[PDB]
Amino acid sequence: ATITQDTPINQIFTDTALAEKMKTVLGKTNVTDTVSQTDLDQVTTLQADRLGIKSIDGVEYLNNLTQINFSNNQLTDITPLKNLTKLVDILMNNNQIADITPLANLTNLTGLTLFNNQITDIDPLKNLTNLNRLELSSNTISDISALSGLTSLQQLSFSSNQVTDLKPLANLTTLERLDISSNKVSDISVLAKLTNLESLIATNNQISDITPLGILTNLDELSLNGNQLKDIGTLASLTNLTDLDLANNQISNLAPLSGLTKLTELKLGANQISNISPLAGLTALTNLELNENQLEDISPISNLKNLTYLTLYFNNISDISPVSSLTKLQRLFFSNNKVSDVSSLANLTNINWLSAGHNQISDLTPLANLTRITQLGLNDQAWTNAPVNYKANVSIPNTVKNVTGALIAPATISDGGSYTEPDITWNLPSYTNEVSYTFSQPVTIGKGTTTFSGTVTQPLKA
């Protein structure tokens, strides 16, 4: 393709925004300035991302292009690329591309990026057999049969599509990094063939059987977050794992994890775990997530000295003290537990985020010196005091203490009760099984601000 004679830039590149870009690339000072075919032939690369480009009409005259970036534009038609066979790499994610037929004869392509488009039919990719990187996330693809002959692929992603059948991956043994997240996958048997895999991301699918992973011993990163896992016996084989995400499944037995001592990050939130003894020897862990389980005894955590990030929220934990030795902790989340005594938290001197809402916390004084706090959560505590004798007039000490050591006055007191520091008093004409009070006090520790609030239940004993 060649322009017949010298033509104004804005007659070649009809797109207002591409014209301006080409003016700069071609060294001219105005869009109406004329350019020759020899000027056009000098352009070998083009960075034209995020410019609000709606058409690449004109690009077919840029014969020598080897690399293009048109990502984050408003492209639909990519017809002008059809004959640009010197193209080695294309970045074209975040457009509105529906038809990739113009890519079919671009056989020197080694990298092709097309995520966030409107692509359904990937048949035009079938002869692009030099591809080593292919990215197809967030399209409407349901058939990956066109991938079957792409035998040089090392990196492949098609997350956020409508794919059920992985059989076309069978012969792509060069694969090292695969992402199949958010598809319709239940059967991962074909993956047993991809023995060079180092990373497999497969979150948000319908996987229950992970036996095909057994011989994928080169895996260092595995994500099976949001599936239907229970039996994780196979993972014992994966001795190279450093990063493992198994959150949102049905796992109870953690014994297969006990030998995975290379692990630095481990996510087990939202499962059926009651026993964390198998995690005791995983001392290289910096991140550990254990939220939304059925934990009470967290003592096996005390050994994990390298932890900087830990979640424990939504469990049945009364005793938080096994965290005391985790002196590198920077973020700790334990909302929705049964913790009253936070004396051990005084040891976590590098704590920055402390989320402790929905516990049984009455006294903030052990936290007074934690001045590296930037995020704090102390809302909606609730506890029941040891019963006191029901009397015509009952008096109890207020036990709610701010970080300063001072008592926090009740916000409300049930049954028309009153407060005279330090005592809450009720006049009770007849027998009642319980009385209660609430408190709500904004508080800052360091630079972390929260409302320290709760409901205190006082059973009355006859």
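When you see a residue number, it is the position in the sequence shown, counting from 1.
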Comparing 442-450 with 15-23, the one whose average Cα B-factor in the PDB entry is higher:
15-23
Higher-scoring stretch by recorded Cα B factor average, 298-306 or 134-142:
298-306
From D220, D363, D121, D165, can you pick the one with the highest C-alpha B factor in the entry?
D121
What third of the chain does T129 rank in for C-alpha temperature factor, lowest, middle or highest?
lowest
Grab the CA temperature factor for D99 from the record and place it in the lowest, middle or highest third of its chain.
highest
Place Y390 in the lowest, middle or highest third of its chain's C-alpha B-factors, as listed in the PDB entry.
highest
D77: CA temperature factor from the record, placed by chain third, in the highest
Tertile call for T85 (CA temperature factor, within chain, third-based) is the highest
